[PDB]
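One structure is given here, and the rest of the page talks about it.
Number of protein chains: 2
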Amino acid sequence: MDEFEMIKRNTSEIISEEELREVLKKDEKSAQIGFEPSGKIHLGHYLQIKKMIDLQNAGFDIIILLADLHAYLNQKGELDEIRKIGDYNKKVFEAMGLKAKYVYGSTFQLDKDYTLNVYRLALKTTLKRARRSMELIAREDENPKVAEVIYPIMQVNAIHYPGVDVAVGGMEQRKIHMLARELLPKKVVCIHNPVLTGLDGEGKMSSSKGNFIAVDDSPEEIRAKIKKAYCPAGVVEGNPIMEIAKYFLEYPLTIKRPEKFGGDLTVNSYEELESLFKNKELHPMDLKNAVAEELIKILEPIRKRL
Amino acid sequence: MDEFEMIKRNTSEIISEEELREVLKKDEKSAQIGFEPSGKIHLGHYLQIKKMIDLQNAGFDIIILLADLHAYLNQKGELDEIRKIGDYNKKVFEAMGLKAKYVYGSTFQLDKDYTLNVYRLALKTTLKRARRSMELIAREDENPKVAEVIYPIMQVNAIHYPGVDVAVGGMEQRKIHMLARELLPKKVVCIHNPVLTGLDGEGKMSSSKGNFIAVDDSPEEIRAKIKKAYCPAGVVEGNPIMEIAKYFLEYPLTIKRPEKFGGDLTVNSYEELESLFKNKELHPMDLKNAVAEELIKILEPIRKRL
Ligand SMILES: [K+]
């Protein structure tokens with residue numbers, strides 16, 4: 001209960017909890033998040049779309065900004081082709097239960113007045129504050145190009161443009177997001193989501209790699225990908241399987257196993273589960289077994305309506 | 001005649017003379033130079049609106065580009081405001097005897113397509129290669145802004161846009177130009193010009209703060225300005241007066257002179273005068289005089305034509 005808490009839940013931070021308190025009181029409020037069209041939609045996207053839904057059920061008008069432009073320039077399909085990848089992402093998000101408005105930056109991000117403000121913003125954005133923004137995202141070409149410093153003021157003006165009250169994004173975007181706070185006349189509330197550690201235990205669950213779990217993958221694809229997944233003893237920090245637990249599973253969870261090698265349990269909460277894994281009583285295999293079967297029932301409704 | 005040698009005249013360099021030649025062969029050849037609307041139009045502009053004329057006389061269809069947008073951005077005027085300023089310059093350049101095509105950057109540099117290529121280009125411009133470009137133009141900025149490194153590519157696509165065969169301009173522009181040459185399908189021929197020094201020897205005569213002889217200056221003002229001008233005997237390098245001698249006076253000119261101070265002289269080459277001034281024969285005073293009077297005769301045609 002408490003719209004505040006529901007939005008707050010599982011977030012990594014809310015730039016000004018105070019400002020959100022106020023936004024909520026408004027009878028008309030908007031929140032926007034951006035997604036570049038992805039071939040496969042993984043738990044990483046789902047984690048966030050899930051958060052968008054939160055704001056959805058709280059009076060917020062959701063806007064899912066589709067970054068097809070970046071794909072255009074960055075040598076990838078043609079816009080028409082991208083539209084097709086992106087309109088699939090819509091079918092998925094709708095599957096997740098996201099009643100939002102979808103836009104393609106490729107319809108406003110080049111228009112006259114937009115470019116103008118962008119340039120305008122460029123006058124008040126230090127080469128440094130900009131670079132450090134993009135620092136969180138990717139590592140930084142051998143020899144960096146001008147486009148890299150432009151990206152952040154592009155994303156900035158994309159928050160300004162709609163005039164929304166809230167911006168959602170993973171923690172990679174806090175720098176850019178903070179630039180927006182300091183540069184736009186309208187300070188926007190930012191809700192950042194934790195990043196999701198890939199299966200092999202490296203970076204994010206980027207589909208630009210192969211350590212992800214698609215919201216559509218078959219019950220087999222899941223069981224497989226999980227049994228391989230990185231998941232040490234006692235260690236919870238960095239543990240992919242443990243995140244999947246903290247952010248997607250419903251409780252009270254009841255994990256099984258022969259009273260010979262353990263004993264069936266019932267972790268009414270996650271902290272509860274975490275503490276076990278820390279105390280060692282819950283072997284990595286039992287966890288995977290539990291998460292797998294569970295994760296499967298959860299992502300089930302989505303695969304279905306697809 | 002050899003128009004190549006005509007144009008070659010008073011040019012700090014012609015990036016690819018051979019290419020220039022290949023150009024002169026064509027029937028349809030065009031070139032453009034760029035100017036930011038200015039209140040006072042001093043000899044600075046003159047040195048080049050002249051060269052521009054040489055190329056129009058070789059056949060090159062002239063194109064002037066009043067970068068009213070840059071001017072806008074730098075919190076100067078308000079487009080339509082600036083507009084009238086540039087349109088005044090248009091008149092001054094016309095009162096200088098230049099047939100040409102006049103265009104405002106604000107009318108294209110903000111178009112989807114144009115902006116689109118700026119970004120494509122942004123992926124091809126290293127952060128430094130971009131910075132080292134502006135450095136020759138206007139020093140550096142304590143806390144550089146993305147605007148700085150965006151301008152160069154903003155100028156590159158400015159050569160591309162019309163598809164000019166040659167890009168005229170000052171030497172501060174050399175490094176910007178190379179870029180346009182290294183990043184565009186064709187390799188425009190760049191005829192860079194000397195950079196006229198201010199009457200105090202501190203730099204370029206800048207309409208933007210001080211030292212300069214504005215074309216419409218009255219004989220009397222010209223005399224008062226040329227007199228105060230830094231011009232040390234024997235010193236030719238740096239001396240603005242001498243530059244004015246070199247780039248504007250027709251030879252042979254008869255430097256009027258006190259019978260008892262050496263007596264009237266008649267130089268048939270700038271080299272004589274140089275030789276003279278260097279050897280301390282032509283004292284600065286007699287020099288400043290022969291020059292001021294001579295300028296007043298050349299500018300009058302333009303001055304009164306207004
Ligand atoms: K509360």
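Respectively, the protein sequence lines represent chains A and B.
Going by PDB author numbering, the residue at position 192 of the first sequence is 192; the numbering climbs one at a time, nothing skipped.
Going by PDB author numbering, the residue at position 2 of the second sequence is 2; the numbering climbs one at a time, nothing skipped.
Every residue, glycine too, gets a C-beta built ideally from N, C-alpha and C.
The beta-carbon separation of A/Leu127 and B/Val156, rounded to 19 Å, does not stay under the 8 Å limit for a contact. Proximity of chain B to A/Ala147 at the Cβ level (cut-off 7 Å) is accounted for by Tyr119, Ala122 and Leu123, in chain order.
The three-state secondary structure of B/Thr115, taken from DSSP, is helix. For B/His177, the three-state secondary structure derived from DSSP is helix. Proximity of chain B to A/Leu110 at the Cβ level (cut-off 8 Å) is accounted for by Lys112, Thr115 and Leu116, in chain order. Excluding residues up to 5 positions away in sequence, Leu184 lie with their Cβ nearer than 6 Å to the Cβ of A/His160 in the same chain. Contact check for B/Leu123 against B/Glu172 fails: the beta carbons are separated by 8 Å or more. Of the residues assessed, A/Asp113 falls on the exposed side of the cut-off, its CB having fewer than 16 other CB atoms within 10 angstroms.
Looking only at A/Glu3, A/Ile7, A/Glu5 and A/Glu19, the smallest Cα-Cα distance to A/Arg181 is reached by A/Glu19. For A/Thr107, the closest Cβ of chain B is not nearer than 8 Å. Judged by their CB atoms, A/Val188 and A/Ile63 are not nearer to each other than the 8 Å cut-off. In the DSSP assignment, B/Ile255 falls outside any alpha helix (DSSP H), carrying neither H nor E. For A/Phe4, the distance from the CB to the nearest heavy atom of ligand 1 is below 7 Å.
Comparing alpha carbon positions, the residue from A/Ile53, A/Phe108 and A/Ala130 closest to A/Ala95 is A/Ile53. Around the Cβ of A/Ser38, a 10 Å sphere holds 16 or more other Cβ atoms; the residue is buried.
Look at A/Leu127: its C-beta is under 8 Å from a C-beta on chain B. The CB of A/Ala67 never comes closer than 8 Å to any CB in chain B; the least such distance is about 13 Å. In the structure shown, A/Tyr88 falls within a helical segment according to DSSP collapsed to helix, strand and coil.
Secondary structure at A/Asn157: helix, using DSSP grouped into helix, strand and coil.
Among the residues facing chain B, A/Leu98 is not included, as its CB has no counterpart in that chain under 8 Å away.
In the DSSP assignment, A/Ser30 falls within the unbroken beta strand (DSSP E) covering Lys29 to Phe35.
Within the region 148-165 of chain A, contact with chain B at the beta-carbon level (separation under 8 Å) is assigned to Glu148, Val149, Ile150 and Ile153.
In the three-state reduction of the DSSP assignment, A/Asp80 falls in the helix class, which pools H, G and I. At a beta-carbon threshold of 8 Å, the residues of chain A lying near B/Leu73 are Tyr119, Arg120 and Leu123, ordered along the chain. Taking 8 Å as the Cβ-Cβ cut-off, the region 134-145 of chain A approaches chain B at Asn143, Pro144 and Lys145, given in chain order. Contact check for A/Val195 against A/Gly170 passes: the beta carbons are separated by less than 8 Å. Using a Cβ-Cβ cut-off of 7 Å, B/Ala130 is close to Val146 of chain A, given in chain order. For A/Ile7, the enclosing alpha helix (DSSP H) has its first and last residue at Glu3 to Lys8. When secondary structure is reduced to three states using DSSP, A/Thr266 falls in the coil class, being assigned neither helix nor strand. Between B/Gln48 and B/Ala100, the CB-CB gap reaches or exceeds 8 Å. The beta-carbon separation of A/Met242 and A/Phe277, rounded to 7 Å, stays under the 8 Å limit for a contact. Going by C-alpha positions, A/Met178 is about 54 Å away from B/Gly97. Around the beta-carbon of A/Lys304, fewer than 16 other beta-carbon atoms lie within 10 Å, marking it exposed. Proximity to A/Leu24 across A/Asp2, A/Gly34 and A/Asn239 peaks at A/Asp2, based on C-alpha coordinates.
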